[PDB]
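> This block holds the first chain(s) of the complex, placed as they are in the complex; more will follow:
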Amino acid sequence: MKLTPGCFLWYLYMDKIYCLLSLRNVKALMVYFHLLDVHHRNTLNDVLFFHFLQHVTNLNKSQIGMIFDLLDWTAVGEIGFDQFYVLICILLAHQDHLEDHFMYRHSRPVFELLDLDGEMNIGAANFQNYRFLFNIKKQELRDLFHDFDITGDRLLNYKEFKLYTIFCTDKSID
């Protein structure tokens, strides 16, 4: 198989969701994970992930720790290879201008990435974590949160978040 059928389907979805499907990007991510995974136990410790992030993205230690805490939903002290590949795809050379629009498109659900709680509501802490991950002004983030909170309960619904993302994509396309 071409590195399992699930990864092939994920690559097909990425190619259908991005203009450029690159060349052996998933293979490069797998090789980087295998280099990071010293024991080859399909997992990596926090130190290895922090070292890889500092060597590649040159991110801060606190930001790397927050990203590892958000990505590791199982809370077992380790990050899986699939989680590392998902994080690398979420970054996707975030310094580029088109990377901001790609992150605005996000993924197929495009709701659970921001919502760390998982209760179909994104609080202020989740917005602060997203602003730490993706560069955005605090005033701009506050204005966007005020625009999104139509009811005023400081909660973001899945339909409301989808509508906001669709409006942002329509504004950026035009």
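Sure, I can see it. Numbering: from 1, shown residues only, chains lettered A, B, ... in the order given.

> Residue A:120: neighbour count?
14 (other CB atoms under 10 Å). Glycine gets a C-beta too; all of them are placed from N, C-alpha and C.

> where do the strands sit along chain A?
Here chain A has its strands, by DSSP state E, at A:43-45, A:78-80.

> Name the nearest residue to residue A:121, sequence neighbours excluded.
Counting by CB to CB, 6 or more residues apart in numbering, residue A:155 is the residue found nearest to residue A:121 once chain neighbours are left out, at 4.3 Å.

> just checking, that neighbour touches residue A:123?
Yes - in this structure residue A:155 lies within contact range of residue A:123 using CB atoms under 8 Å: 7.5 Å.

> Which one's more surrounded, those two?
A direct count of neighbours by other CB under 10 Å for residue A:155 and residue A:123 places residue A:123 higher, at 17 against 14.

> quick one, what contacts that one?
A:117, A:154-155 (CB atoms under 8 Å, 6 or more residues apart in numbering).

> circling back to that earlier point, from residue A:107, how far out is the residue nearest to residue A:121?
To residue A:107, residue A:155 is 21 Å away according to CB to CB, to the nearest Å.

> swap in residue A:151?
Residue A:151 sits 26 Å away from residue A:107, taking CB to CB as the criterion.

> quick one, which of these two is more surrounded?
Each of residue A:151 and residue A:107 has its neighbours counted (other CB under 10 Å); residue A:107 has more, 15 against 8.

> what about the closest residue in space to the more buried one that isn't next to it in sequence, how many residues close to it?
Leaving aside its sequence neighbours, residue A:107 sits nearest to residue A:113 (CB to CB, 6+ apart; 6.6 Å). For residue A:113, the count of nearby residues is 18 (other CB under 10 Å).

> go ahead and place chain B:
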Amino acid sequence: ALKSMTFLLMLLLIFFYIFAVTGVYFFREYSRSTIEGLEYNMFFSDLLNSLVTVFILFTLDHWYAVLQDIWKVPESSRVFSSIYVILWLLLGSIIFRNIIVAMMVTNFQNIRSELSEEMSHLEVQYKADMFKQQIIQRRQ
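Chain B now in position relative to the chains above:
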């Protein structure tokens, strides 16, 4: 609620300021009289003492006894002084007590209104939730 204490305490302290500093030199002939038998003379003597005695008048404790002990001053037909202190104590006490209890009951009102609108929004979201669940079940 004390965050909502923004301007009411400012008005309270400034009315305290103006009325106390006005009432310093109104019963001036009380401490500065040569009467041997007197025991509330120190109340109206100093500016800090004036603050203390108008705080006492605001708390409204033994105002009858206080006025009876200022009744030892030669009664000049009570034309301005007694009516001034009485109007000050009654107006300040009732107006400020009423305004603070009114502000705090409004604080409770808006706390409960925000709580009620949050539960109403939660119920509306739950209604849309099982409506979309029926839509999903039919779509399969």
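
> The neighbour count of residue A:120 again, this time with chain B added?
16 (other CB atoms under 10 Å in any protein chain shown).

> Can you check which helix is longest in chain A?
Longest helix of chain A, by residue count under DSSP state H: helix A:158-173.

> Quick check: buried residues in that helix?
Counting neighbours by 16 or more other CB atoms under 10 Å in any protein chain shown, one finds that the buried residues in helix A:158-173 are A:158, A:160-161, A:164.

> got it, and stretch A:127-141?
A:127, A:129-133.

> just the helices in the chain please.
I'll assume chain A. Along chain A, counting by DSSP H, helices occupy A:5-17, A:25-36, A:46-56, A:61-71, A:81-91, A:97-105, A:124-133, A:138-148, A:158-173.

> looking at chain B here, not the other one
Along chain B, the stretches classed as helices by DSSP H are B:8-24, B:28-31, B:47-59, B:63-70, B:81-139.

> so which of those helices gets nearest chain A?
Among those, the nearest to chain A by CB to the nearest CB is helix B:81-139 (5.0 Å).

> now the angle from that closest one to helix A:158-173?
90 degrees (axes from the mean of the first three to the mean of the last three CA atoms, to 10 degrees).

> so, in contact with chain A or not, helix B:81-139?
Yes - judged by CB under 8 Å from any CB of the partner chain, helix B:81-139 comes into contact with chain A through B:117-118, B:121, B:125.

> rewinding a little: would a markdown table of the helices of chain B with mean neighbour count be doable?
Supplementary listing: these in a markdown table, determined by neighbours: other CB atoms under 10 Å in any protein chain shown:
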| stretch | mean neighbour count |
| --- | --- |
| helix B:8-24 | 14 |
| helix B:28-31 | 16 |
| helix B:47-59 | 16 |
| helix B:63-70 | 14 |
| helix B:81-139 | 12 |
